[PDB]
């Protein structure tokens, strides 16, 4: 049936159109969310570096103020991470919708509109993978800073503790 297949092609082109738009929308929203998250990681990173540069103790005021800000910054980082996870889920659904739309286009003979859709899905994936990689690069810098901070803190801890133990040893031991 010539007219039946024409109708199936038309119906699928309506699905492709609506799904492509939803994918574009969710893609940009997701990229925006990851970028907001990445900024928050960079912010938290410099704070750890500041705290570490003050370690040993000495300036007990700055040290505690910086640590207080870190607590709040961890919080902001966490909310922005959950926000992007939420959009990531929606984005995956959007990707599935488009892929199934491309498959449907294929099954009904709209091979053209199928390849086209398949290619746009690809570019959207590459795009998301790249902003994701930038975020991961930021996470690596944050982790290194957290590690250095723990390195220093545990070190200062051991030294202050060896001291107290040595002083306790001299108090008759």
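Numbering follows the first chain given and starts at 1.
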Worksheet entry | Entry-level comparison of average CA B-factors, 20 to 28 and 153 to 161, reporting the higher stretch | 153 to 161
Worksheet item: Once you work out the mean C-alpha B-factor for both 66 to 74 and 53 to 61 from the entry, which is higher?
Response: 53 to 61
Item to complete: Determine which member of 111, 36, 139, 129 has the highest CA B-factor, using the values in the deposited entry.
Response: 111
Worksheet item: Of the options 135, 107, 119, 45, which has the highest CA B factor as deposited?
Response: 119
Practice prompt. Would you mind checking where the Cα B-factor of residue 93 ranks among the modelled residues of its chain, as the lowest, middle or highest third?
Written response: lowest
Worksheet item: residue 115: which third of its chain by C-alpha temperature factor?
Response: highest
